[PDB]
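Colleague:
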RNA sequence: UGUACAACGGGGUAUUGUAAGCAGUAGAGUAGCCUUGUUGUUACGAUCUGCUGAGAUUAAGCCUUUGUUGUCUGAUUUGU
RNA sequence: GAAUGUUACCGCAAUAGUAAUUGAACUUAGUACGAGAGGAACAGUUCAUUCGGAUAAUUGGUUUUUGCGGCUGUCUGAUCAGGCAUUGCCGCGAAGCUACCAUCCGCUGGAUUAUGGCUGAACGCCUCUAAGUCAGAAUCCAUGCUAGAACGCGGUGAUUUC
RNA sequence: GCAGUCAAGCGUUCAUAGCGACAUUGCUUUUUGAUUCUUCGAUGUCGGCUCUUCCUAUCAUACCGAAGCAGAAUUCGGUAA
RNA sequence: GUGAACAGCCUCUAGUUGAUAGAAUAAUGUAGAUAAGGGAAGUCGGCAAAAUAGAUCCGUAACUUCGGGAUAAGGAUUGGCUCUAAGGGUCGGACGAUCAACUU
RNA sequence: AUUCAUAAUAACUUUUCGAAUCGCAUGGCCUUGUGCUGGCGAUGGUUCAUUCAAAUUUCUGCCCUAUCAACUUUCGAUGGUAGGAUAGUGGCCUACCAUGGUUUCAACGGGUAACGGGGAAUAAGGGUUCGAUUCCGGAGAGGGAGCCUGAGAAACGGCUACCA
RNA sequence: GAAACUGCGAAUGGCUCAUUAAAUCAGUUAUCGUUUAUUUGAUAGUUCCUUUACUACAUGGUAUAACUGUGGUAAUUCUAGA
Ligand SMILES: [Mg+2]
Ligand SMILES: [Mg+2]
Ligand SMILES: [Mg+2]
Ligand SMILES: [Mg+2]
Ligand SMILES: [Mg+2]
Ligand SMILES: [Mg+2]
Ligand SMILES: [Mg+2]
Ligand SMILES: [Mg+2]
Ligand SMILES: [Mg+2]
Ligand SMILES: [Mg+2]
Ligand SMILES: [Mg+2]
Ligand SMILES: [Mg+2]
Ligand SMILES: [Mg+2]
Ligand SMILES: [Mg+2]
Ligand SMILES: [Mg+2]
Ligand SMILES: [Mg+2]
Ligand SMILES: [Mg+2]
Ligand SMILES: [Mg+2]
Ligand SMILES: [Mg+2]
Ligand SMILES: [Mg+2]
Ligand SMILES: [Mg+2]
């Protein structure tokens, strides 16, 4: 199967392809959230720890934490939940969903790195990726800089440069509260 | 090869053992032997048959090892760039201690104090014009 | 006279489904007696819970065995 | 099972018996053939039918395991624990037996028949035949399988003091 | 009941691929008759069930030869029980 | 005792324990049981077996000589325990005392 | 017409509401803090009223039918008490109790090629026949049931199940 | 100003006439028998606490879409892990 690995310290991610039943099999009967020590899966990932988070079987149905089961089942789903985005106020749909227990019926495992191993993984540890948007509400700026209700925000807000060609500009949020 | 479990007794079923019933709906049932099979047919309730996993669970028989198993952990690490912020801008920014902040600060804080009262007199300006600005 | 054999005992394997005894502010209640109830007690009460996957049975054509105990030359024939 | 010295172990094989059977699917192929409509087979593959010989891991049947439990009526003062009810009745039930109700196994060489042929006279031609000869069937004979002649047999061990 | 010989005819044409009149030679003994040899001091009827074996005039299956056999399907015939 | 019962089953009194015996548990029997899935396909024919069955409450067709048919058919219920209510007698003037049953 | 509106006492409450919201203007006033104040209006918010509704509900009125005469309490039929449930009255439902309720002035049952009304057609009058269909009311979304959302749906160009 | 959150609406409209015979419906009543978004008019000085060494009010908490990126399925207004 294909592994979907995220390094959420850097905000990085890359996919990996494992053929070899014995290399995979380490993931079997493991549930969502279980940790998995790395070396078993490869020599690259030696030491690395993975917390499983979800992923898809063939036919593409998403896993859903909490089901248990290594099979698929059809559930009534509601507002505020995984694997369902409601079309209408108070709409519920009965939908197929995959169990949270890993089997070889999965096209893709979704892992999140919890501990770094002894060696670097290129697109993941080597590369590092900027947090798209900065604090907008007053006291969140105060916190992301540690400030006191003294320091005055305005000159602490983020300032994003972007060019008109020969006119390079500067846009900041609009503080709230 | 899989070990199924007896759906009346919770017993381990190894390949070849017992039987598999397929009900009208399509609920599949597996029995490990003809005892569980029979008790199922008599419409017995596993929860009241004492040798079953189900009864044993419902009566807190056993466990003890589970009320003993507790703890374990390990966690964390460090820092990644943000695009328009290399780890270096992030070191440089973070590092600089209060007295440069106050410095920087009270400079700008005086610097545009000038701009404010300047624009203000600018108002009265386009207004002693606009309470004039004749023929 | 044995790396013997047997009877028992032990362990394993099985079957059934939780023994007897004791205990219980478990139990629909009824009825007595009192100091009349921050848990009153006495009688009776199917059943329920705990000790208790307990107890019973297990070669009679199951497996095993560092234990206990015992046994170990009676009869009849046969020759080119 | 007496008698071939006694007793034992390992063997030979005369004779007699003997067994396997039939279908389909895939593929060959929408091919050969055919105006079209239609429409095969050999080799290779997977299964099945009827038969047969075993076997009991498994599943199922049987139950005096009177093995465990439950139940009615009576009897032993009660309890415990038991008797009787032609095996009192019910649920489960090991083992054994056992079912296309379960699973496994069912050999390969020759020689021929019909027939088609080769060479070839009779008859200087011709001819599969007269002499000679090739190929050839669910056939036959062997291989294999079962008994083993109690008047068929081989090799081998030990052969008596009380 | 079953099988031949002749070949007028059938078979678009063509006797004999498949058939075959008038006649004619046979074979069989699960038809039915004819007979009255055995048994009337006894040989226990019909059908079925069960089970073994034998015949071949072969329905299927093996290999063939024919055809009015293009293919498919059939039909005639051989060795075959 | 159970129960509707002189039934069946178990008991007391009384009476028996007498009808060759021992060892095995092949076939085939005689008598007694059970069988997965199918359900009369067996057979002259459901022969033999099997299935039903007590009681309470519900419900009950055609037809009919109006009596029947009828337990038609078809259904629910049924243990144990602990309670509730109702159903008599006798004697003293709408009560009062006393005695006694089981049944619903 | 009230145990009405409203209020008073004692308590009760997994405590309802009592503005951590948005837009325009920027002004007054000193003990000069960016002090304390402050214009117009938006969206909210509790309770009451109003409006748009809704749900039940009184009185009378329906076609053919007796080859439908007794009907209603299986498993509420009619009423009493109490409760539960409802937004709320009510056998709506449940307990307990009673034996009621309708009917020749036609109950009950059957039929309807029956949605009801405003209306239509036919012109002496009295009538007769029709109204699926432009407005009002009702019901439904293939058939049944169930329910989420919500002020409001037992919704179908919402979900859920079963049947086709 | 896309996307998305939030709010409101989708219970109106339109269509049909299957059911339905004291039902619906009509005229007429009742709520001293109830629910009512909205519109309109009104309506809130009380909220903390053994009650001097105080309680963010110059205003307290995180979790999520869209998005970024990694993915699954023949296939839908399917959607998972980060
Ligand atoms: Mg804001
Ligand atoms: Mg704000
Ligand atoms: Mg000012
Ligand atoms: Mg408002
Ligand atoms: Mg009432
Ligand atoms: Mg009410
Ligand atoms: Mg009555
Ligand atoms: Mg009456
Ligand atoms: Mg009338
Ligand atoms: Mg109609
Ligand atoms: Mg109309
Ligand atoms: Mg009408
Ligand atoms: Mg109509
Ligand atoms: Mg109305
Ligand atoms: Mg339609
Ligand atoms: Mg609906
Ligand atoms: Mg539509
Ligand atoms: Mg609609
Ligand atoms: Mg239907
Ligand atoms: Mg919205
Ligand atoms: Mg949270």
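Residue numbers (full-length UniProt numbering), protein chains in the order written: chain A, 1 to 177; chain B, 1 to 135. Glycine included, C-beta positions come from ideal geometry on N, C-alpha and C.
CB residue 64 (chain A) to CB residue 83 (chain A), shorter than 7 Å?
Modeller: Counted from its first residue, the first chain places residue 64 (chain A) at position 64. Counted from its first residue, the first chain places residue 83 (chain A) at position 83. Yes, they are a contact pair.
Colleague: Along chain B, in chain order, which residues have C-beta atoms closer than 9 Å to that of residue 15 (chain A)?
Modeller: On the first chain, position 15 is the one that residue 15 (chain A) refers to. Under the 9 Å cutoff, chain B gives no residues; its nearest Cβ is about 19 Å from residue 15 (chain A).
Colleague: When you compare the CB positions of residue 75 (chain A) and residue 97 (chain A), do they come within less than 7 Å of one another, or not?
Modeller: Against the first chain, residue 75 (chain A) aligns to sequence position 75. Against the first chain, residue 97 (chain A) aligns to sequence position 97. Result yes, Cβ atoms of residue 75 (chain A) and residue 97 (chain A) sit closer than 7 Å.
Colleague: Give me the residue from A:117, A:73, A:159 with the minimum Cα distance to residue 168 (chain A).
Modeller: Working through the first chain from its first residue, we reach residue 168 (chain A) at position 168. Per the Cα distances, A:159.
Colleague: Check this for me: beta carbons of residue 49 (chain A) and residue 114 (chain A), under 7 Å apart or not?
Modeller: As a position in the first chain, residue 49 (chain A) is number 49, starting the count at 1. As a position in the first chain, residue 114 (chain A) is number 114, starting the count at 1. In this structure, residue 114 (chain A) lies closer than 7 Å to residue 49 (chain A) by Cβ.
Colleague: Three-state secondary structure (DSSP) at residue 39 (chain B)?
Modeller: For the purposes of this step, residue 39 (chain B) is taken as the residue at position 39 of the second chain. Note: residue 39 (chain B) maps to helix in three-state DSSP.
Colleague: State the start and end residues of the unbroken beta strand (DSSP E) segment that holds residue 17 (chain A).
Modeller: Taking the first chain and counting its residues from 1, the one referred to as residue 17 (chain A) is at position 17. Note, residue 17 (chain A): beta strand (DSSP E), 12-17.
Colleague: Measuring alpha carbon to alpha carbon, tell me which of A:5, A:85, A:51, A:22 ends up nearest residue 75 (chain B).
Modeller: Within the second chain, the letter at position 75 stands for residue 75 (chain B). Out of A:5, A:85, A:51, A:22, A:51 has the C-alpha closest to the C-alpha of residue 75 (chain B).
Colleague: Below 7 Å CB to CB, which residues in the same chain sit around residue 101 (chain A) once its five sequence neighbours on both sides are set aside?
Modeller: One-based indexing of the first chain puts residue 101 (chain A) at position 101. Hits under 7 Å: 29, 31, 68, 69, 70.
Colleague: In the DSSP assignment, find the unbroken alpha helix (DSSP H) run with residue 97 (chain A) in it and report its ends.
Modeller: Along the first chain, read from residue 1 onward, the residue named residue 97 (chain A) stands at position 97. Counting along the chain, residue 97 (chain A) falls outside any alpha helix (DSSP H), though it belongs to the beta strand (DSSP E) covering 93-98.
Colleague: Please go through the stretch 60-112 of chain A and give each complete beta strand (DSSP E) segment of 3 or more residues, from N-terminal end onward.
Modeller: Counting whole runs of 3 or more residues, the stretch 60-112 of chain A contains the beta strand (DSSP E) stretches 72-77, 93-98.
Colleague: Less than 7 Å between the beta carbons of residue 95 (chain A) and residue 86 (chain A), yes or no?
Modeller: Working through the first chain from its first residue, we reach residue 95 (chain A) at position 95. Working through the first chain from its first residue, we reach residue 86 (chain A) at position 86. The answer is no: Cβ separation not under 7 Å.
Colleague: Counting contacts by CB-CB distance shorter than 7 Å, is residue 112 (chain A) in contact with chain B?
Modeller: For the purposes of this step, residue 112 (chain A) is taken as residue 112 along the first chain, with counting starting at 1. False, the Cβ-Cβ gap to chain B never drops below 7 Å.
Colleague: Alpha carbon to alpha carbon, what distance is there between residue 129 (chain A) and residue 133 (chain B)?
Modeller: Taking the first residue of the second chain as 1, we reach residue 133 (chain B) at position 133. Taking the first residue of the first chain as 1, we reach residue 129 (chain A) at position 129. Rounded to whole angstroms, residue 133 (chain B) to residue 129 (chain A) spans 57 Å at the Cα level.
Colleague: Pairing CB atoms from the stretch 4-11 of chain B with CB atoms from the stretch 39-53 of chain B, are three or more of them under 8 Å?
Modeller: With the cut-off at 8 Å, the stretch 4-11 of chain B and the stretch 39-53 of chain B touch.
Colleague: Does residue 29 (chain B) come out as helix, strand or coil in the three-state DSSP assignment?
Modeller: For the purposes of this step, residue 29 (chain B) is identified with residue 29 of the second chain, where counting begins at 1. Residue 29 (chain B) falls in the strand class under three-state DSSP.
Colleague: On the DSSP letters alone, give me the boundaries of the beta strand (DSSP E) that residue 91 (chain B) sits inside.
Modeller: Within the second chain, residue 91 (chain B) is the residue found at index 91, counting from 1. No beta strand (DSSP E) contains residue 91 (chain B), which is instead part of the alpha helix (DSSP H) from 87-95.
Colleague: Which whole-angstrom value is the C-beta distance of residue 122 (chain A) and residue 47 (chain A), which I expect to be below 8 Å?
Modeller: Position 122 of the first chain, counting from 1, holds the residue named residue 122 (chain A). Position 47 of the first chain, counting from 1, holds the residue named residue 47 (chain A). That belief does not hold up - the Cβ atoms of residue 122 (chain A) and residue 47 (chain A) are roughly 16 Å apart, past 8 Å.
Colleague: Measuring only the C-alpha atoms, how far is residue 125 (chain A) from residue 146 (chain A)?
Modeller: Taking the first chain and counting its residues from 1, one reaches residue 125 (chain A) at position 125. Taking the first chain and counting its residues from 1, one reaches residue 146 (chain A) at position 146. Each residue's Cα considered, the two are about 28 Å apart.
Colleague: Measuring only between beta-carbons, confirm whether residue 12 (chain B) sits less than 7 Å from chain A.
Modeller: Against the second chain, residue 12 (chain B) aligns to sequence position 12. Answer no: the Cβ-Cβ gap between residue 12 (chain B) and chain A never drops below 7 Å.
Colleague: Would you call residue 109 (chain B) buried or exposed, if buried means 16 or more other Cβ atoms sit within 10 Å of its Cβ?
Modeller: In the second chain, the residue the question calls residue 109 (chain B) occupies position 109. The residue is exposed, with fewer than 16 neighbouring Cβ atoms inside 10 Å.
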